[PDB]
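Below: the structure, in structure tokens.
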Amino acid sequence: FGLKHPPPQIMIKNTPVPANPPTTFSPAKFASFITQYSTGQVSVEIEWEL
Amino acid sequence: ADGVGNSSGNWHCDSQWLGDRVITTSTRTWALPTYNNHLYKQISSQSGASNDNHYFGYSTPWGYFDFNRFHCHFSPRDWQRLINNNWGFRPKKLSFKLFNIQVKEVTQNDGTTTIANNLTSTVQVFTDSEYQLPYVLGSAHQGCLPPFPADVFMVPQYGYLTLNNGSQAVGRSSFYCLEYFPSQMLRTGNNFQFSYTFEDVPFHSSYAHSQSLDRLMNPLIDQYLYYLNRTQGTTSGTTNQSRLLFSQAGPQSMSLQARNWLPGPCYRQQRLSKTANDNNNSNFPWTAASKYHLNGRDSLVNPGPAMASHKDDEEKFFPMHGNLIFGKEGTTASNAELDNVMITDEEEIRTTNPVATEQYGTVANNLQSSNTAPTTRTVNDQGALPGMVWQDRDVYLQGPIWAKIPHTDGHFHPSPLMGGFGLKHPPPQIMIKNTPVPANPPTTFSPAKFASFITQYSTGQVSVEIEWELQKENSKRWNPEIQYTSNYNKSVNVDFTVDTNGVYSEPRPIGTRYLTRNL
């Protein structure tokens, strides 16, 4: 089936958790994060005509 | 007010364009360490430093939140859209939110480090709505919400200065303890809200002038006012004797007409060519720079009065310390090259404001007579005269938004010389801090100061939202207008995006003044 307005794309992401920052302020880009992942359950349900 | 498994607030960002106003909101992630080991530290300049570079003050364990830059709110597409259709704008309302706060403890036992959650630790936050602490915003300091929403940033440390007699202090100096303020303590689950309303402020002139002060008349009709145009005699035999003669100024003698207004005030600055070899071979800066000194110590006027960068067809000369200079991505902060920086141009105000490199004009300075010929003098520093009309300095996507007008008895033009809107009651400074968590105390009571704390930091999300009023343009110009565009030519990477290494960059400065108006 071709659709002008198909089911939209759901996007998911893990927010970045910074590691311990330097004691003295630095304007440099923060590039030391805590490594972690995520898991969960996803349910889908489609009603179809016959 | 929630538990540990419920999130406070969401990630909003985006912007909304309404009929007469635009709501720009942005969310970022922030980190915060402990500063000065939870100590207030006195800071003096140095022993043997320069007289001008002297200072006395304090540094606190408190951070603060900065969002006083347009690029910390707008986006390149939004900015281009705003400046290509509007004759002005100004802030109307402000909302601020802190949420999703986590306090994380750090442990060190070897070369490795371990980070753990600390659910019972609080965080202190408060806003100086009564404007009692010194205002350090509006000084073009670093550390506002990075231009790219995906960047995680760091909360700058707070500190202030006071009166100093050399490197020392005076009894008139003040000390402010920020723990001496009512502050809100919040754990993982709590959040902080804040709302604010800007006061009345003039619209920013986001347009150039299609006319000029010196050319504001009819190019077809003579004036009915006479002007002295000759002192000798025009007739034969009288060309060598004095005789006053009066003419009427028309389209030809267009520089001798009568006028109503004068160009803005001037404060001359030195000139520099963008080509290195065309300049003088000496270290003249700070020895040939327009500088002002008070209390016996000098200081440099970097922005200075709003004055045109160069004349027409110059495109090569800029005043020394006469315009904002931005840094390109990944540029050293000490002795960078000319091609690694970004010098802003303020030529749009050539019509009203005098050029910075040149003078205001000449004034007679003697009583001419038969024996003595008249003599004039060039004037490079000009104050304020009746009938003076001028224009303010433009603002840029990366430039400052506002500043705090000092609480003094007198003001002439409270518009900041560095940027945009001057406010008597600007958005207050929000300060945030990590409460100190003591380590195990001694078993036997000791009155000594407790100086063994648990090392930990904090992180969270900060949302900001400003509602801005817009002034629409209704121009009767027939031909098209000049506007900001992206070059269509092929390029390795497009402007205002990330490179293969994921580093966001800003290639050029963008000014608001693109549309035109008649004087």
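Which chain is which? The protein sequence lines are 0 and 0', in order. A prime marks a further copy of an entry chain. If you read the first sequence in PDB author numbering, its first letter stands for residue 638, the second for the next number, and so on. If you read the second sequence in PDB author numbering, its first letter stands for residue 218, the second for the next number, and so on. Every residue, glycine too, gets a C-beta built ideally from N, C-alpha and C.
If you draw a straight line from the C-alpha of residue 617 (chain 0) to the C-alpha of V323 (chain 0'), how long is it? Lying outside 638 to 687, the shown extent of chain 0, residue 617 (chain 0) is not represented and no answer is given.
Listed from N- to C-terminal order along the chain, which residues in the stretch 363-378 of chain 0' have their beta-carbon within a distance smaller than 7 Å of any beta-carbon of chain 0? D368, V369, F370, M371, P373 and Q374
From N735 (chain 0'), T660 (chain 0'), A506 (chain 0') and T331 (chain 0'), pick the residue whose C-alpha is nearest to that of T672 (chain 0); which is it? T331 (chain 0')
Endpoints, the beta strand (DSSP E) within which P293 (chain 0') is located: Looking at the DSSP string, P293 (chain 0') is not in any beta strand (DSSP E); the run it does join, the alpha helix (DSSP H), is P293 to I300.
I699 (chain 0') (DSSP reduced to helix, strand or coil): coil
Euclidean distance between Cα positions of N583 (chain 0') and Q449 (chain 0'): Rounded to the nearest angstrom, the two C-alpha atoms are 20 Å apart.
Can you find a C-beta in chain 0' that's less than 8 Å from the C-beta of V679 (chain 0)? no
Between which two residues does the beta strand (DSSP E) harbouring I671 (chain 0') extend? Unbroken run through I671 (chain 0'): none, as it is neither H nor E.
Within its chain, find whatever has a CB closer than 6 Å to the CB of residue 170 (chain 0'); leave out the 5 residues flanking it on each side and keep chain order. The requested residue 170 (chain 0') is not part of the displayed model; chain 0' covers only 218 to 736.
Exposed or buried, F662 (chain 0'), counting other C-beta atoms within 10 Å across all chains shown (16 or more means buried)? Looking at its Cβ environment, which holds fewer than 16 other Cβ atoms inside 10 Å, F662 (chain 0') is exposed.
Terminal residues of the continuous beta strand (DSSP E) containing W304 (chain 0')? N303 to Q325
Specify the secondary structure class of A525 (chain 0') as computed by DSSP and reduced to three states. strand
Pick from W279 (chain 0'), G627 (chain 0') and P366 (chain 0') that is closest to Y375 (chain 0'), judged by C-alpha positions: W279 (chain 0')
For a quick check, are the C-beta atoms of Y577 (chain 0') and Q608 (chain 0') less than 8 Å apart? no
Residue-level contact to chain 0' via CB, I647 (chain 0), 8 Å cutoff: no
For the beta strand (DSSP E) containing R725 (chain 0'), list its first residue and its last residue. Counting along the chain, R725 (chain 0') falls outside any beta strand (DSSP E), and DSSP gives it neither H nor E.
Are the CB atoms of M605 (chain 0') and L736 (chain 0') nearer to each other than 8 Å? no
With distance defined between alpha-carbon atoms, name the residue in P644 (chain 0'), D345 (chain 0'), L614 (chain 0') and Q401 (chain 0') nearest to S312 (chain 0'). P644 (chain 0')
Given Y701 (chain 0'), which residues of its chain have a CB within under 8 Å of its CB, disregarding the five upstream and five downstream residues? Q297, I300, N301, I727 and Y731, listed in sequence order.
Would you list, in chain order, the members of the stretch 306-335 of chain 0' that have their beta-carbon closer than 9 Å to a beta-carbon of chain 0? Along the stretch 306-335 of chain 0', going in chain order, the ones with a CB nearer than 9 Å to a CB of chain 0 are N317, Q319, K321, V323, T330 and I332.
Rounded C-alpha distance that separates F392 (chain 0') from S264 (chain 0'): Cα to Cα, the separation comes out at about 22 Å.
Please identify the residue among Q465 (chain 0'), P591 (chain 0'), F411 (chain 0') and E396 (chain 0') whose C-alpha is closest to the C-alpha of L256 (chain 0'). Nearest C-alpha to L256 (chain 0'): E396 (chain 0').
Taking Cβ positions only, does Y252 (chain 0') come closer than 8 Å to chain 0? yes
Does the separation of the CB atoms of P623 (chain 0') and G636 (chain 0') fall below 8 Å? Not a contact, by the Cβ cut-off of 8 Å.
In chain 0, which residues lie less than 8 Å from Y613 (chain 0') when you measure between Cβ atoms? Ordered by position in chain 0, no residue passes the 8 Å Cβ test against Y613 (chain 0'), which lies about 19 Å from the chain.
Same chain, Cβ closer than 7 Å to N435 (chain 0'), neighbours up to 5 away in sequence not counted: none
Residues of chain 0 with CB closer than 7 Å to the CB of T676 (chain 0'), please, in chain order. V654 and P655
For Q319 (chain 0') and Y509 (chain 0'), what's the separation of their Cα atoms in angstroms? 48 Å
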